[PDB]
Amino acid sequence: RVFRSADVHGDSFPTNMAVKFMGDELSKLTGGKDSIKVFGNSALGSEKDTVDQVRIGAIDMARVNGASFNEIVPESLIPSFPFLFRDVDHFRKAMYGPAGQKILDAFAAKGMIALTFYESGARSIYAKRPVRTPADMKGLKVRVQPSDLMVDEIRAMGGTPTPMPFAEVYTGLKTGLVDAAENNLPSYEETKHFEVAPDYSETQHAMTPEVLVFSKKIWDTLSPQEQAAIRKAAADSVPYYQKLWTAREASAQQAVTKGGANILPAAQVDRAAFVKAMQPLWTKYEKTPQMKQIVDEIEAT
């Protein structure tokens, strides 16, 4: 049947496109039994709300950021840890390997089947002034996702964190409720945040993944063959997503720069000042030997 899936991004965004592709692939594998419709633009609710809905079986699927599980699935904290991944190649090798699998596995006890990760580049601060160091962060009202870890990350960077839904951030910046936020370049572009917060400073403080989750209540009513079809379609969507995403990182950078944004490259940012300040959070959020082991498996990749 038609599975309903949520996304905060617009229809043309790579996450929406990848799950629509998954849906097309899935309909074939199931002899037309199944397809997916993606409701974008936060139509079904904030990310938080849609995760609640997936967990109770009110919607079938959601494509959400890892941060949105940080208070539900402890293992989801790990890939949001600051400066955990060395670069994108490290993210890919670790997150599509056994370490990433252990993180996906942890979702089942909380009513969700985590089918796949998608990469989300690196999140960086943007604002109305450049940011090279924490002193530069001091005084900024910085929107964060509603995650205790992300609140702590931005506080350690020196900003004053304020949680808000993604859809509300643009107006928050345009009207001065907040002075800053953080995200990857494609999101900075899509939302037009770059028009009102033109200084994008490559702090690259997190490389949090996206996660595609399926309601376990619904999943549990499916046959092993249907389940295997859905898992195959999700896996097959990843190289498709990666083609779109890598192109979008490049096009977003050019578009925001053409549109007046000033990107401060990572090399000019004192990752030094940010790394030593944020590291302790790893120890704070390592809540089990299992989490410690996952972090270790990631680092050893």
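Residue numbers here begin at 1 and follow the sequence given.
25 to 33 and 40 to 48 differ in mean CA B-factor, and the higher of the two is recorded for 25 to 33. If you average the C-alpha B-factors over 249 to 257 and over 231 to 239, the higher value belongs to 249 to 257. Comparing the listed residues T191, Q145, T171, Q204, the entry records the largest Cα B-factor for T171. For the set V211, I125, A122, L140, the maximum C-alpha B-factor listed in the entry falls on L140. Ranked within its chain, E182 lands in the lowest third, by CA B factor from the PDB record. Per the PDB record, residue ranking by Cα B-factor puts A277 in the highest third of the chain. Ranked within its chain, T221 lands in the highest third, by CA B factor from the PDB record. Remark: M95 belongs to the lowest third of its chain, ranked by C-alpha B-factor as recorded.
In this PDB entry, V64 carries a Cα temperature factor that places it within the lowest third of its chain's modelled residues.
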